[PDB]
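What follows is a short report on a single structure.
All ligand and atom numbering here is 1-based and tracks the order in the structure. All chains are named by letter (A, B, ...) in the order of the sequence lines, taking the proteins before the strands, and each is independently numbered beginning at 1.
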Amino acid sequence: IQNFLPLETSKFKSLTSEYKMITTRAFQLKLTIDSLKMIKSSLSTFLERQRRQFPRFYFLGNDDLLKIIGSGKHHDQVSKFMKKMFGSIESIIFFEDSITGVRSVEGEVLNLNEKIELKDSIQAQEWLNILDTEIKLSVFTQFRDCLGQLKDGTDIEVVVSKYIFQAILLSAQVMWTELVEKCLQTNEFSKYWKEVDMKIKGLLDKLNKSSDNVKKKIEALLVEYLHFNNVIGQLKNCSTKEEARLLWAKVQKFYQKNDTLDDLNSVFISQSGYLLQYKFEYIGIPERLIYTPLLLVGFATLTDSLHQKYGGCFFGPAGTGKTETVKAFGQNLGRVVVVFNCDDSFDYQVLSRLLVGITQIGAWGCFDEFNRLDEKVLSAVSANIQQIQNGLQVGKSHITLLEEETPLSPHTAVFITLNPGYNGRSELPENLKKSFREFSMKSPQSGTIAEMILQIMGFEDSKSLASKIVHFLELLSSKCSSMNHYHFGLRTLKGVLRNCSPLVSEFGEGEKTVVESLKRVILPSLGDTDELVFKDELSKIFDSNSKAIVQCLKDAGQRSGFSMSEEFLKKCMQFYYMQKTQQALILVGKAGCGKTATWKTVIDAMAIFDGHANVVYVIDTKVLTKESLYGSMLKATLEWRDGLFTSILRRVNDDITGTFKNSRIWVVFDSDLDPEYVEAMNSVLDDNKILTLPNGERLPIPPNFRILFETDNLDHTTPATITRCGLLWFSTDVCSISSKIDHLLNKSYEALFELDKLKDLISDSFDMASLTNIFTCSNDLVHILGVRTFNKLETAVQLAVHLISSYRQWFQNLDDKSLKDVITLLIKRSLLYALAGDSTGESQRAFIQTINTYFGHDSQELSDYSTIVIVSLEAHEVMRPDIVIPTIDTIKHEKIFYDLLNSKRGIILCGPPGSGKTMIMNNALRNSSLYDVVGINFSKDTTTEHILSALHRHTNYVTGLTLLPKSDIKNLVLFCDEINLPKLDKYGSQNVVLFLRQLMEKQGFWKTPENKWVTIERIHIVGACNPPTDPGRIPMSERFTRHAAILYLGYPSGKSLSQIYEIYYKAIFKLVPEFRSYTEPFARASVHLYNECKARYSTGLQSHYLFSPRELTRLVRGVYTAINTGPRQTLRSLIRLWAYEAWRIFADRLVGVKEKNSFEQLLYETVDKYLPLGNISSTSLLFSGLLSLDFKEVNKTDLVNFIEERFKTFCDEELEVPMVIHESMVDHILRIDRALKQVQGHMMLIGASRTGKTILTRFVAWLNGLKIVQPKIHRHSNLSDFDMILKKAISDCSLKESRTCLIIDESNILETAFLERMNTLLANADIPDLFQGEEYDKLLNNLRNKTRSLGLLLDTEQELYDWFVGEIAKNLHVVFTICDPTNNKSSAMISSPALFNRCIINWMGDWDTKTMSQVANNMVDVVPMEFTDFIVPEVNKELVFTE
Amino acid sequence: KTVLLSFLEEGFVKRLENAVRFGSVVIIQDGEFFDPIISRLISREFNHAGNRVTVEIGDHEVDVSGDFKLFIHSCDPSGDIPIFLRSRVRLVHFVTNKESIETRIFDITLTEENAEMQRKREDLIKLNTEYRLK
Amino acid sequence: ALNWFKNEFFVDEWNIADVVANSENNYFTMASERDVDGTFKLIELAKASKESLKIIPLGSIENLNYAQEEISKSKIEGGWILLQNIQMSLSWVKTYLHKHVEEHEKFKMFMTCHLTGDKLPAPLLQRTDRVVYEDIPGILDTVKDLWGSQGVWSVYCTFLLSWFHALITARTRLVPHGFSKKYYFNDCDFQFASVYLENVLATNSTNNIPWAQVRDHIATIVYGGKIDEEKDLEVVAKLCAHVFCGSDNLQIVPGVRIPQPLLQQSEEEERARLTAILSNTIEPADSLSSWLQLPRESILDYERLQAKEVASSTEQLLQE
Ligand SMILES: Nc1ncnc2c1ncn2[C@@H]1O[C@H](COP(=O)(O)OP(=O)(O)OP(=O)(O)O)[C@@H](O)[C@H]1O
Ligand SMILES: Nc1ncnc2c1ncn2[C@@H]1O[C@H](COP(=O)(O)OP(=O)(O)O)[C@@H](O)[C@H]1O
Ligand SMILES: Nc1ncnc2c1ncn2[C@@H]1O[C@H](COP(=O)(O)OP(=O)(O)O)[C@@H](O)[C@H]1O
Ligand SMILES: Nc1ncnc2c1ncn2[C@@H]1O[C@H](COP(=O)(O)OP(=O)(O)O)[C@@H](O)[C@H]1O
Ligand SMILES: [Mg+2]
Ligand SMILES: [Mg+2]
């Protein structure tokens, strides 16, 4: 086959020669994988062409197909794919270099009529076609022999052990049909009814006395014999011959043609006058559905639609019998129905390729959940379905789908089953619905199903037991609570009947087994009062040894540290009993209630009990995307890429090392249940036990492969996934407070002559009687980000143990009383900061008082500022962002933050904006040489890729695979500034919050391309957030917030803020010692102005009226800067300068003229109250350093003349925009100049269109020498071009030292990714996403050579990147231009946290009457206009806007 | 000199830049799909260097001949215009009203009833207007 | 009373075929509500006009490329093009369809959209002829339309099936009273029931027709398959019991009677006799109660609300 492509064959020969040389060199004493893959990806078209020879190759992957062709002589590689290709065949039996037979998945052996001689020159598909034909011939021969023997009066009980089940089934059906027709030729049915009843009794006795294969055969035959008895009894009870013929018309009749010489089409099936052909395909011994009226009417609808060559369609609620009814129809028609699980990942190409595969094979393809496809995909495949329909109708040999004329088999049929009426499910279009014949399957016959199932299983009172079970289920569904996960339908009944099978050997075949199976299935899913309801109704309907597994559970619990309470043991026994037969389990409860402890303890106990090793994978579902969880197709190459769950299942099924043969596999989905995610595994969860993939692969679920679903709620979870899995419900917590403290203390001890004494002293000081009172008293406080007191115990125990163990050196120099005193004081501190540590200062003081009054007065008293023991700034120092004024609250917050960070505990800092969370974090970790800080500022649209890019330059990937910081000494701290802002999805899940919870709990994550688990080694996570009551804040998951210590940060008081800011004003006023005594009134005036502005201008007026101590810091910095670069100051000039800076910092965001006048009168009141001056209006305070060498108040006329001549030069040089000069544009120029002369000085210009925002930014940037960069973003311009221009601007700004002004219009933000990039750029000094991979190395070497050319001694990448971000912070200014503030994207731009906190907002607004009059009067005075007499009208003063 | 461009077609940037360089009258259809590359053309913000007028479109400068006029056309009422375009264009609405409806129905009625009379009336009206202008 | 205006004043009516034939436009669009499809009408029109109908649904870029190529081929070598579900390719409709319509004699292009779906572009909509497809509200008109689209027992069974289909499709409009939910029976149901009737008549050549079998299969499989309510299943079963009772004389409605065929006529004679009966039938003013076997007070509320809505909209239109 190599001669078809000569160049490819030569390349393959060269690669094989290189591999042989490498192997010889290795045996004498990377590139091979790349060379293999570079030709394997070129073999995709070869494999696709190979799939058309044997059409069942569409059910195999490219790797499996490559193995199929590669096995040219072994022929045993083909035997392990028979379940994928055929469905009912497990392996091929080989003997005497031939195909002796095949083995079904149930273990049944089908011996061929003749052996298939296997030659070395025969291809795999060449003998597979022969095997596929010979299987059908063998099934027909077995049927013919069985029917010929049964027609000779031979009893069926001696030919059960001779032929296969399909043969016995078809022969019995044909005999029954002809004998009932003979009975219809007369009016007698009693003799045949008695004969069938005696046959049923004899088959039941033989079932009692047979082996496993004969037992399966008889169990499957009893279904059809009970159906035969039911039909014969129904015909016997008919009164009229016409009525009997009417009843016989609507059942499946089985006939055999006597004249046709073609053997494989000699048997046809008649129902309601329509004939369908038997296919004689091997089905094995499948599970047979009980014949019900719903089943028979569905069979009639399918027969009608297939007579017209239409598609079959079943609709109805979940768990009714649609998929299994289609499969049973195919089984009765002698073929295996291929079952697909439709999904939104199944696009038009995937659906059409599946249609090509099934139309080439001739198989019956059932597409379950067809309404889960997209509406566009549903509409698109309608032409393909109509083409298959018309080709089947007219007998076309070929159909044309997907640009290829493929053959069309006449045996094909398309079936769909859907469940309308649920959320997230599309509606089929009408042109598609007219291609199918729908049938409602709303209400199955559960009583009949249970009766015949119990009769086959051998229960003594099957009818009465079935009536009791169905009545009990309906009664439970009536009188239990009306919450969404209670379902007691057909799937619950099937689970109950399946648990009856292994319980008979210990409880007897009867009511005791039924009751115990009902308690095994239904009880763990019930609540508190529903359990009593279940017990009472079970006792009133029905009449009425696990020591080894209890001991194993106790051994696992006391090896893992847990304590066996009654509730924990009950939950463990319930989980252990449910996992025995139910392969999929859901554990639902509160956050931190004991789900993980329960399932870990049970699987450890089962490992101890059985000796089977447990392989556990915990996958957090919503952290990963769906195409990374299951997989995706590369459209450029048509190559499938495995998802994480797909790769895990494929590794388990392949089992290269053989370790999965004698092991139990647990896959835990530890996230909230998204129906979009989990309904793609519906075929996995139900009786199909297959994972249907878009590329046609079919991965079976082994019996030792169990799926766990750990979640906290079931609000969005559909019944389609609730019914398929057993549900374990956690009504309360499985642990008590004292037991949780004991377990946490033991866990902390295990992580560490005085050790036993310390353990005993701590356990004695942890007095539960005194503890439970403050535990139940702490619930009366108000706790921000409310975490339960059950979940704060981890923080309390970890903090207490860490604080005690940190003083181990000084524990050998004090007596027992002082040791107990200091230990109990540390215990009080830990209890305070764990229980009331997320409350206000008053609540913290009250909790201190309650702790002291409830631990007794004899112990050491914990105070407000209790601690254990063994400012003058500078004028240039007020501009440092890392300087903090030491107060008692700041010292206390830094101390508790450092203690909790050293305690290896997650920390969440909650508080209002500007309170000082980032400040105290940076001040606590600036003095520490053991920690490094990386700052990540979240937006409303943050991804885990942003976090990983922020972790790129600080961490290392070493191989198992762990993520550890580059520095081998200092640890890393993840600061997340806004963990409340990332948005929920349409089902209410925060991807970033779940990722952070994953990192905090399991100390790692999964890599999405390569599906490898990464380990977090020395990376801490510190969260910052605003209160959820604030707008735009989303409540975080309790599962995430229970893993972190929450500390509430508060605004400093008026006196505290004063005492902070007189020190700043003193450091400013060291430059002016002649006014040194005015620091107290200037600081009081500033703090009072901030308090008054915060009180007056609130969110209720407008949304951006947000004030903080950051405004006071801005005022201090601006006052210092203007004093420093200005001339000698007097008292009047100092007060006017403070008023000017107060204007530009507090009231440039004000919109109303009334609000601006109120701020003017506020400045007047504050100055008169604190600093006892001319006019201090916005137009009367013209401070600018443009007219001189220093920043000073300038004359209005001289300022106007300077702006006139500079703007004439600007228009003559760069861009001619002939405007006119007015005072509003002048002071806008001054404030834009003030912002653009700053460091990290960003502007957000907000005003009406054609007001002058962009041209004033350009003019001021030209005045300051800045480089104006306006991005050339247009239609069909995307994130790639935006990142290109942003990276170019950043690179020029840093490397070339180009001072750059960046003007960003509202129109440039096409989508919110643009806004996210700008948030990253302004919160940080760069974007980590732009510089990664090879770009990071290019940036690093460019920085190295630039810094070496600049003569600076920087070598390490930390120093080079610090120089990089410092250069961007120095030389980049960003100005935002917003025309309509009421748009949605403009509102997202304004309410953005980084853009709000970093920019200086200048609400220019629209022109007022004075500005319009000035502009008009200044550009109509140049024309000859006063050429006539004019009489001055007498009008009102309010009607005149001019002079 | 009239060229007919559309915002939804390819080669639009090159054709419009060539038309600006030549000095030809441009009518751009589909005005509700405005491409912001010609923002300088909309705002008439040009750079003057001696006797030459230059405008920057996209990533390179082209020259303005001085005889170039730009028209933007849209046949979609209640469409979508960006505020930058809307504040800077002379939006003129060409909608039919009852007077035009009556005039066109009367013209069709006259054509279908007496075509010679309608032709003679139109010729007489045109001759009278030409005589008044003369 | 509502139909009196259009009966007395307007003396003409236009269907889809008349709109297509009597218009100087090569572009047509068809709108309808959900669960109603009118592409079989276009298939019938293309069959009657000796044309070739190409049916291309719009859901994916491959279908869009195929639609572009087929439109380009049709503009040169004729043929009819139907674009199903154009609202699921709205960007393509806004760009390519707009460009093509803005800029052969036997070329016609049809677009199928939804009345309650997404908004179509106004310049595209105003340049194409617009029709709304819906079922005929009259019962007798429905029987006449079903009869005009077609041994003696096949003719009789087709007549009875046309009557039954018209009655059930008229009963579906009375949502609270005629049924319990809203159901949609269409030409697929009519075709499947007709195929079943022909199969029964072919397999029973002794002229002993299994009327109970016909009733149960039509009530449970062909028409009761969509039905998920037992009360509505009983409604369909009772209608089948009235229509397909197989008696010597059948009074399908209180007005007229349908005698069974004799043994001395031909298929053309039977067709002419049934057409004469259909012509001699007069639909009364209380047809929704007399012909559907429903109480008058049930349909009086529905008729009064319909007339009140129509007359109130007319009054509001006239007041401006
Ligand atoms: N029987 C027990 N004895 C002692 N400690 C227990 C017991 N059951 C649970 N715990 C403790 O309860 C704490 C709660 O964590 P756990 O893993 O049980 O929560 P969960 O139910 O998985 O919650 P989440 O919703 O966060 O996944 C753990 O620290 C665990 O050690
Ligand atoms: N006639 C029947 N006899 C016995 N068991 C049945 C019958 N119909 C359905 N079942 C059982 O009920 C369950 C129905 O699940 P399934 O049909 O897969 O759900 P869906 O209808 O949503 O596809 C199956 O486990 C099947 O074994
Ligand atoms: N001792 C202090 N206590 C409180 N605030 C202070 C102190 N010293 C300075 N500040 C000012 O308080 C502001 C804190 O804001 P920041 O820490 O950015 O808030 P957040 O952490 O919520 O983003 C800083 O601008 C800082 O100048
Ligand atoms: N003081 C003024 N005198 C004359 N024209 C002005 C004045 N201010 C603004 N304009 C007009 O408004 C427009 C402002 O455009 P520009 O500043 O570039 O962006 P924006 O539309 O965002 O303000 C100019 O074209 C100019 O004609
Ligand atoms: Mg299903
Ligand atoms: Mg902040």
Next on the checklist: Under a plain distance cut-off of 3.5 Å, with no hydrogens placed, do A:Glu1001 and A:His1043 share a side-chain donor-acceptor pair?
Outcome noted: yes

Checklist entry - Can you check whether A:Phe1259 and A:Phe1207 have ring centres sitting under 6.0 Å from each other? => result yes

Item to check | Within the 6.0 Å centroid threshold, strictly below: A:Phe439 and A:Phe315 | outcome: no

Next on the checklist: Determine whether A:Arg905 and A:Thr795 satisfy the following criterion, side-chain hydrogen bond (donor to acceptor under 3.5 Å, both in side chains), listing intermediate values before the conclusion.
Outcome noted: CA-CA 7 Å; A:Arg905 182 74 176 171; A:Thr795 295; 2.8 Å; yes

Checklist outcome for this item: Within the 4.0 Å heavy-atom cut-off, what A:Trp1407 brings close to ligand 4 is side chain

Item to check | Verdict with reasoning, A:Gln1270 to A:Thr1254, per side chain to side chain contact (heavy atoms under 4.5 Å, CB included) | outcome: CA-CA 10 Å; A:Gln1270 270 164 295; A:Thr1254 314; 3.4 Å; yes

Checklist entry - How does A:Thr1251 reach ligand 4, if at all, at less than 4.0 Å between non-hydrogen atoms: by side chain, backbone, both, or neither? => result backbone

Checklist entry - Out of curiosity, is A:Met1225 lining ligand 4, as in a heavy atom under 4.0 Å away? => result no

Next on the checklist: Among all the protein's non-hydrogen atoms, which is closest to atom 29 (O) of ligand 1, and how far away is it?
Outcome noted: A:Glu794 OE1, 3.8 Å

Next on the checklist: Below 4.0 Å, non-hydrogen atoms only: which portion of A:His743 touches ligand 1? Side chain, backbone, both or neither.
Outcome noted: side chain

Checklist entry - Can you tell me if an N/O/S atom from A:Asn682 lies under 2.8 Å from the Mg ion (ligand 5)? => result no

Next on the checklist: For ligand 1, which is the ligand I care about here, please tell me if A:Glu1001 has any N or O atom under 3.5 Å from one of the ligand's N or O atoms.
Outcome noted: no

Next on the checklist: I'd like to check whether A:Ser563 has a polar contact with ligand 1, where a contact means an N/O of the residue lying under 3.5 Å from an N/O of the ligand.
Outcome noted: yes

Checklist outcome for this item: Looking at B:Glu45, A:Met1219, A:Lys1253, the heavy atom closest to atom 2 (C) of ligand 4 belongs to A:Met1219

Checklist entry - Got a protein heavy atom sitting under 4.0 Å from atom 9 (C) of ligand 1? => result yes

Item to check | Pair A:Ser671, A:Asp620: side-chain N/O donor-acceptor within cut-off below 3.5 Å | outcome: no

Next on the checklist: Below 4.0 Å, non-hydrogen atoms only: which portion of B:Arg88 touches ligand 4? Side chain, backbone, both or neither.
Outcome noted: side chain

